Amino acid sequence: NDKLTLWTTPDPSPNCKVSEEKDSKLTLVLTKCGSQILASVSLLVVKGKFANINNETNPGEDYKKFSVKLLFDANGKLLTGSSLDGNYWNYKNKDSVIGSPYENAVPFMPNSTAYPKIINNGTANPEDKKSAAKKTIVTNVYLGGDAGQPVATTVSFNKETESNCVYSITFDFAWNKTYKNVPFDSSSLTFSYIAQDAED
Amino acid sequence: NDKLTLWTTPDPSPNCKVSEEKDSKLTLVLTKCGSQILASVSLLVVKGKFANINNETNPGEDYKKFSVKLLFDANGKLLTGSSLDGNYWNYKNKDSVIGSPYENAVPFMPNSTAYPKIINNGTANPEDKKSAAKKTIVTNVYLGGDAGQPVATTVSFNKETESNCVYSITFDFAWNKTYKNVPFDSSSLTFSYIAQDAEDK
Amino acid sequence: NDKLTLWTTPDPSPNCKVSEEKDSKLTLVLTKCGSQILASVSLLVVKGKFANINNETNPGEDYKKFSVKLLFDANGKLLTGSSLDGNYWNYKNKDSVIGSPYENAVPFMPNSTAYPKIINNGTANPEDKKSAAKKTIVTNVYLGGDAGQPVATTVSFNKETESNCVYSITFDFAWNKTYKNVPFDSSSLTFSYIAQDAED
Ligand SMILES: CC(=O)N[C@H]1[C@H]([C@H](O)[C@H](O)CO)O[C@](O)(C(=O)O)C[C@@H]1O
Ligand SMILES: CC(=O)N[C@H]1[C@H]([C@H](O)[C@H](O)CO)O[C@](O)(C(=O)O)C[C@@H]1O
Ligand SMILES: CC(=O)N[C@H]1[C@H]([C@H](O)[C@H](O)CO)O[C@](O)(C(=O)O)C[C@@H]1O
């Protein structure tokens, strides 16, 4: 009933494509403390490529990394082409989701002044040079909650331009370890980014 | 606000068992940002095993790791099996604590739908309760605030079962380094977890 | 919103001294969720020592680390002697700043009970033993948002005593890598600390 938490469900049914359709349950919770967004996120791949990682028999790089994209329009609606199905992605209602799909959700989108879409011109003066890293959180999650099973995790904001998105949260994942029969089950990751809002 | 912050005191007197009774000050602050909980946490061992770590003379594993449990009931009261003494664990009032002990504190407990108590072992076709990792935050703290002194730190939610707990915040700590005369003084760690609600009315 | 979020601008003009004057844009956002402060922070060095790090030709330590201080008075005003210029450091209003400079900002300062001014200890009684680490967050940021480019990052609270400061947020940065032509462009870092104010 609180309008201040866009999320999946806390315990979601398969609602995310990783390597196929409905590959994986992605738990993502955006709580809007002031002008910033507090977010935790776990990923669990239940079937397909990364449901039981083995790089002993699959040493290839395509088997040692993947990416999850959330694509949003100017209203901040989740698009098709997002890795995340939008059926069970809405504002909170007890442990579940609100009856109607959400019309507007800009307050929750990354700031397009803080995290601008990169531009396609070559010239750039000292003060007018924009940043790639600014739009980035690089960290680790840990498969199975084992500290010896690190995945390099890269949250990116308004990185994507897919399906004519205006805002884009992107979780990239990669590892060096040659994991043997290790389900991709990520530890919860806490992070924040600066939001947008607009009047009318 | 004061009613939105369960914690110890900012500067607590020895209030945590690590290897023996009140042998460490644990600073923990739960602030309830919407449906999530924002938390920072430092640990300082003042006496006993880990008050001055040396693995040169104590190479044994029992001397290179330990765990601190907070056990809660369905109301969210701290239970006896807890590593943390409950005298100075309550809602905030200035840099101190509220007059009466707290009756209810569920809003602050980890979500038992997101972090369910029981774990399923063996088979995994559905795999629907099958996340161990979801209930986990793995990171590092740094003894003395020195970047060369990492402790592998594992926050767990509703992991524990002891004393008939319903909710359980659990901080495990372990290290590979052979530390020589290094007090266990952890750098403050920021983290969040998904909370619980309170029925309807 | 106003009074709830002390910050720079989301996209700041050069407003930070690192090795010389206004040689870097530092983006810092303090949002006061309850009794804690939520903060993200990116640093971008546009000119001078760290604008294009090379430790192949500059192996010296002075070229492999630096520190950024914010020094505050009892009111919580940013002082000269801070690395951060105070012109465009104020309470939020849209993507910009409030008209007048801010009179009071204690609610945003680190807790002087949790992070005491104490640093010299003459005795050390078991129950009255004070903590250095408590005042510390040690983590990593990642230059260019590349996971292979770690900087050891140390946030410290009420560490500093310079210019007779009462409160002090301090970001130290250091690296072991011998980086070749690597701009100091940090990935956004999320963190929190304890903060109070009270009076009549
Ligand atoms: C950083 C962290 O938290 N975990 C790390 C663990 C633990 O420190 C501990 O050694 C496990 O027992 O060590 C590694 O496996 C290692 O040294 O190769 C890297 C891993 O990232
Ligand atoms: C905060 C952090 O990650 N610190 C890490 C440092 C940094 O790389 C630092 O710059 C140089 O010590 O490296 C280690 O000391 C190391 O390799 O053994 C481990 C430690 O966890
Ligand atoms: C986010 C993270 O973990 N970064 C770390 C990377 C990643 O493992 C990366 O994927 C491989 O470059 O490893 C190091 O570069 C390394 O091994 O020396 C240290 C660095 O801090």
# chains A, B, ... in the order shown; residues from 1 in each chain; ligands from 1
call {"tool": "interface_residues", "arguments": {"of": "chain A", "to": "chain C", "cutoff": "12 Å", "atoms": "only C-alpha atoms", "output": "number ranges by chain"}}
result
A: 31-40, 107, 110-116, 124-140, 151-157, 159, 172-176, 189-199
call {"tool": "select_by_dssp", "arguments": {"residues": "region 57-170 of chain A", "states": "strand (DSSP E)", "output": "ChimeraX atom specification"}}
result
/A:65-72,90-93,96-97,136-142,150-157,167-170
call {"tool": "interface_residues", "arguments": {"of": "chain B", "to": "chain C", "cutoff": "8 Å", "atoms": "only C-alpha atoms", "output": "PDB file with N, CA, C and O atoms, in the first residue's frame"}}
result
ATOM      1  N   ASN B   1      13.794   9.585  12.545  1.00  0.00           N
ATOM      2  CA  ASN B   1      12.985   9.620  13.805  1.00  0.00           C
ATOM      3  C   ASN B   1      13.485   8.516  14.752  1.00  0.00           C
ATOM      4  O   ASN B   1      14.226   7.621  14.285  1.00  0.00           O
ATOM      5  N   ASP B   2      13.121   8.607  16.038  1.00  0.00           N
ATOM      6  CA  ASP B   2      13.615   7.714  17.123  1.00  0.00           C
ATOM      7  C   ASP B   2      12.920   6.347  17.014  1.00  0.00           C
ATOM      8  O   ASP B   2      13.587   5.327  17.299  1.00  0.00           O
ATOM      9  N   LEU B   4      11.991   4.821  14.418  1.00  0.00           N
ATOM     10  CA  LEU B   4      12.375   4.226  13.116  1.00  0.00           C
ATOM     11  C   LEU B   4      13.812   3.712  13.185  1.00  0.00           C
ATOM     12  O   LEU B   4      14.351   3.430  12.123  1.00  0.00           O
ATOM     13  N   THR B   5      14.399   3.589  14.385  1.00  0.00           N
ATOM     14  CA  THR B   5      15.810   3.155  14.576  1.00  0.00           C
ATOM     15  C   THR B   5      15.932   2.254  15.802  1.00  0.00           C
ATOM     16  O   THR B   5      16.099   2.777  16.884  1.00  0.00           O
ATOM     17  N   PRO B  10      25.197   4.150  19.978  1.00  0.00           N
ATOM     18  CA  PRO B  10      26.310   4.522  19.105  1.00  0.00           C
ATOM     19  C   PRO B  10      27.680   4.177  19.706  1.00  0.00           C
ATOM     20  O   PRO B  10      28.527   3.701  18.964  1.00  0.00           O
ATOM     21  N   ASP B  11      27.875   4.472  21.006  1.00  0.00           N
ATOM     22  CA  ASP B  11      29.094   4.121  21.788  1.00  0.00           C
ATOM     23  C   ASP B  11      28.724   3.140  22.885  1.00  0.00           C
ATOM     24  O   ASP B  11      28.512   3.536  24.030  1.00  0.00           O
ATOM     25  N   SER B  13      28.862   0.161  25.764  1.00  0.00           N
ATOM     26  CA  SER B  13      29.608  -0.641  26.767  1.00  0.00           C
ATOM     27  C   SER B  13      29.555  -2.114  26.379  1.00  0.00           C
ATOM     28  O   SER B  13      28.643  -2.537  25.661  1.00  0.00           O
ATOM     29  N   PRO B  14      30.527  -2.939  26.836  1.00  0.00           N
ATOM     30  CA  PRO B  14      30.632  -4.331  26.391  1.00  0.00           C
ATOM     31  C   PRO B  14      29.286  -5.056  26.489  1.00  0.00           C
ATOM     32  O   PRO B  14      28.777  -5.197  27.586  1.00  0.00           O
ATOM     33  N   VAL B  29      23.098  -0.562  14.064  1.00  0.00           N
ATOM     34  CA  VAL B  29      22.050   0.481  13.871  1.00  0.00           C
ATOM     35  C   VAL B  29      21.151   0.058  12.713  1.00  0.00           C
ATOM     36  O   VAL B  29      21.625   0.087  11.571  1.00  0.00           O
ATOM     37  N   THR B  31      18.039   1.338  10.703  1.00  0.00           N
ATOM     38  CA  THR B  31      17.131   2.446  10.295  1.00  0.00           C
ATOM     39  C   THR B  31      16.209   1.942   9.182  1.00  0.00           C
ATOM     40  O   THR B  31      16.712   1.324   8.246  1.00  0.00           O
ATOM     41  N   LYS B  32      14.902   2.156   9.322  1.00  0.00           N
ATOM     42  CA  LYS B  32      13.863   1.569   8.436  1.00  0.00           C
ATOM     43  C   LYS B  32      13.488   2.588   7.358  1.00  0.00           C
ATOM     44  O   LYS B  32      12.489   3.303   7.543  1.00  0.00           O
ATOM     45  N   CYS B  33      14.313   2.673   6.310  1.00  0.00           N
ATOM     46  CA  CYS B  33      14.022   3.247   4.969  1.00  0.00           C
ATOM     47  C   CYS B  33      12.917   2.429   4.291  1.00  0.00           C
ATOM     48  O   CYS B  33      13.253   1.362   3.838  1.00  0.00           O
ATOM     49  N   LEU B  38      18.107  -0.242   6.335  1.00  0.00           N
ATOM     50  CA  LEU B  38      19.510   0.252   6.249  1.00  0.00           C
ATOM     51  C   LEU B  38      20.211  -0.001   7.593  1.00  0.00           C
ATOM     52  O   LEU B  38      19.628   0.300   8.633  1.00  0.00           O
ATOM     53  N   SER B  40      24.329  -0.133   9.489  1.00  0.00           N
ATOM     54  CA  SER B  40      25.804  -0.181   9.670  1.00  0.00           C
ATOM     55  C   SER B  40      26.143  -0.972  10.937  1.00  0.00           C
ATOM     56  O   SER B  40      25.290  -1.065  11.809  1.00  0.00           O
ATOM     57  N   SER B  42      29.845  -2.236  13.335  1.00  0.00           N
ATOM     58  CA  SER B  42      31.272  -2.433  13.686  1.00  0.00           C
ATOM     59  C   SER B  42      31.352  -3.381  14.876  1.00  0.00           C
ATOM     60  O   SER B  42      30.407  -3.413  15.654  1.00  0.00           O
ATOM     61  N   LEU B  43      32.421  -4.161  14.959  1.00  0.00           N
ATOM     62  CA  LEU B  43      32.703  -5.057  16.097  1.00  0.00           C
ATOM     63  C   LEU B  43      34.101  -4.745  16.638  1.00  0.00           C
ATOM     64  O   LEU B  43      35.036  -4.590  15.830  1.00  0.00           O
ATOM     65  N   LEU B  44      34.206  -4.633  17.959  1.00  0.00           N
ATOM     66  CA  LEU B  44      35.456  -4.391  18.703  1.00  0.00           C
ATOM     67  C   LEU B  44      35.556  -5.389  19.862  1.00  0.00           C
ATOM     68  O   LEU B  44      34.745  -5.281  20.808  1.00  0.00           O
ATOM     69  N   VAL B  46      37.372  -6.627  23.076  1.00  0.00           N
ATOM     70  CA  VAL B  46      38.097  -5.871  24.135  1.00  0.00           C
ATOM     71  C   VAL B  46      38.915  -6.845  24.979  1.00  0.00           C
ATOM     72  O   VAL B  46      39.867  -6.397  25.598  1.00  0.00           O
ATOM     73  N   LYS B  47      38.518  -8.112  25.042  1.00  0.00           N
ATOM     74  CA  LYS B  47      39.203  -9.133  25.873  1.00  0.00           C
ATOM     75  C   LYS B  47      38.967 -10.520  25.279  1.00  0.00           C
ATOM     76  O   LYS B  47      37.936 -10.711  24.558  1.00  0.00           O
ATOM     77  N   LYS B  94      17.928  10.335  21.742  1.00  0.00           N
ATOM     78  CA  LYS B  94      19.260  10.985  21.555  1.00  0.00           C
ATOM     79  C   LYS B  94      20.301   9.892  21.286  1.00  0.00           C
ATOM     80  O   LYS B  94      20.004   8.993  20.491  1.00  0.00           O
ATOM     81  N   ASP B  95      21.492   9.982  21.880  1.00  0.00           N
ATOM     82  CA  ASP B  95      22.612   9.035  21.607  1.00  0.00           C
ATOM     83  C   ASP B  95      22.462   7.809  22.516  1.00  0.00           C
ATOM     84  O   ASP B  95      23.372   6.945  22.511  1.00  0.00           O
ATOM     85  N   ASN B 140      33.698  -7.805   2.778  1.00  0.00           N
ATOM     86  CA  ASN B 140      34.859  -7.742   3.710  1.00  0.00           C
ATOM     87  C   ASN B 140      34.713  -6.536   4.611  1.00  0.00           C
ATOM     88  O   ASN B 140      34.309  -5.459   4.110  1.00  0.00           O
ATOM     89  N   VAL B 141      35.088  -6.693   5.868  1.00  0.00           N
ATOM     90  CA  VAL B 141      35.514  -5.568   6.746  1.00  0.00           C
ATOM     91  C   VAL B 141      37.036  -5.618   6.891  1.00  0.00           C
ATOM     92  O   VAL B 141      37.660  -6.604   6.429  1.00  0.00           O
ATOM     93  N   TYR B 142      37.605  -4.561   7.448  1.00  0.00           N
ATOM     94  CA  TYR B 142      39.064  -4.304   7.467  1.00  0.00           C
ATOM     95  C   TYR B 142      39.474  -3.908   8.875  1.00  0.00           C
ATOM     96  O   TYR B 142      39.020  -2.855   9.374  1.00  0.00           O
ATOM     97  N   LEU B 143      40.222  -4.786   9.528  1.00  0.00           N
ATOM     98  CA  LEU B 143      40.640  -4.611  10.939  1.00  0.00           C
ATOM     99  C   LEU B 143      41.522  -3.348  11.062  1.00  0.00           C
ATOM    100  O   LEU B 143      42.522  -3.215  10.295  1.00  0.00           O
ATOM    101  N   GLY B 144      41.158  -2.456  11.981  1.00  0.00           N
ATOM    102  CA  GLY B 144      41.917  -1.244  12.289  1.00  0.00           C
ATOM    103  C   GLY B 144      41.672  -0.163  11.269  1.00  0.00           C
ATOM    104  O   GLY B 144      42.308   0.906  11.378  1.00  0.00           O
ATOM    105  N   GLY B 145      40.784  -0.414  10.319  1.00  0.00           N
ATOM    106  CA  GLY B 145      40.596   0.448   9.130  1.00  0.00           C
ATOM    107  C   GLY B 145      41.800   0.412   8.181  1.00  0.00           C
ATOM    108  O   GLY B 145      41.914   1.317   7.367  1.00  0.00           O
ATOM    109  N   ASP B 146      42.652  -0.602   8.304  1.00  0.00           N
ATOM    110  CA  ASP B 146      43.798  -0.872   7.393  1.00  0.00           C
ATOM    111  C   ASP B 146      43.314  -1.763   6.234  1.00  0.00           C
ATOM    112  O   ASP B 146      42.748  -2.849   6.509  1.00  0.00           O
ATOM    113  N   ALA B 147      43.559  -1.339   4.989  1.00  0.00           N
ATOM    114  CA  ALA B 147      43.103  -2.026   3.757  1.00  0.00           C
ATOM    115  C   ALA B 147      43.897  -3.322   3.538  1.00  0.00           C
ATOM    116  O   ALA B 147      43.518  -4.097   2.674  1.00  0.00           O
ATOM    117  N   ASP B 185      39.253  -5.212  15.449  1.00  0.00           N
ATOM    118  CA  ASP B 185      38.503  -3.932  15.377  1.00  0.00           C
ATOM    119  C   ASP B 185      38.052  -3.725  13.926  1.00  0.00           C
ATOM    120  O   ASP B 185      38.901  -3.406  13.084  1.00  0.00           O
ATOM    121  N   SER B 186      36.790  -4.004  13.627  1.00  0.00           N
ATOM    122  CA  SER B 186      36.241  -4.026  12.245  1.00  0.00           C
ATOM    123  C   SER B 186      35.895  -2.601  11.824  1.00  0.00           C
ATOM    124  O   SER B 186      35.469  -1.825  12.687  1.00  0.00           O
ATOM    125  N   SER B 187      36.083  -2.275  10.554  1.00  0.00           N
ATOM    126  CA  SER B 187      35.552  -1.048   9.917  1.00  0.00           C
ATOM    127  C   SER B 187      34.031  -1.177   9.810  1.00  0.00           C
ATOM    128  O   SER B 187      33.552  -2.302   9.628  1.00  0.00           O
ATOM    129  N   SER B 188      33.301  -0.086  10.018  1.00  0.00           N
ATOM    130  CA  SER B 188      31.823  -0.061   9.928  1.00  0.00           C
ATOM    131  C   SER B 188      31.419  -0.549   8.531  1.00  0.00           C
ATOM    132  O   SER B 188      32.107  -0.179   7.547  1.00  0.00           O
ATOM    133  N   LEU B 189      30.408  -1.421   8.464  1.00  0.00           N
ATOM    134  CA  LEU B 189      29.870  -2.022   7.210  1.00  0.00           C
ATOM    135  C   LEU B 189      28.432  -1.556   6.981  1.00  0.00           C
ATOM    136  O   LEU B 189      27.609  -1.828   7.826  1.00  0.00           O
ATOM    137  N   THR B 190      28.148  -0.954   5.826  1.00  0.00           N
ATOM    138  CA  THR B 190      26.781  -0.543   5.417  1.00  0.00           C
ATOM    139  C   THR B 190      26.135  -1.672   4.605  1.00  0.00           C
ATOM    140  O   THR B 190      26.818  -2.236   3.717  1.00  0.00           O
TER     141      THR B 190
END
call {"tool": "atom_distance", "arguments": {"atom1": "CA of residue 61 (chain C)", "atom2": "CA of residue 19 (chain C)"}}
result
13.7 Å
call {"tool": "calpha_fit_rmsd", "arguments": {"fixed": "chain C", "moving": "chain A"}}
result
0.8 Å
call {"tool": "closest_residue", "arguments": {"among": "B:139, B:125, B:27, B:120", "to": "ligand 3", "atoms": "only C-alpha atoms and all ligand atoms"}}
result
B:139
call {"tool": "atom_distance", "arguments": {"atom1": "CA of residue 41 (chain B)", "atom2": "atom 20 (C, counted along the ligand's line) of ligand 3"}}
result
24.3 Å
call {"tool": "residues_around", "arguments": {"residues": "residue 182 (chain A)", "least_positions_apart": "4", "cutoff": "7 Å", "atoms": "only C-alpha atoms", "output": "JSON, numbers by chain"}}
result
{"A": [52, 53, 54]}
call {"tool": "closest_residue", "arguments": {"among": "C:178, C:6, C:68, C:200", "to": "ligand 3", "atoms": "only C-alpha atoms and all ligand atoms"}}
result
C:178
call {"tool": "atom_distance", "arguments": {"atom1": "atom 9 (C, counted along the ligand's line) of ligand 3", "atom2": "CA of residue 18 (chain C)"}}
result
26.9 Å
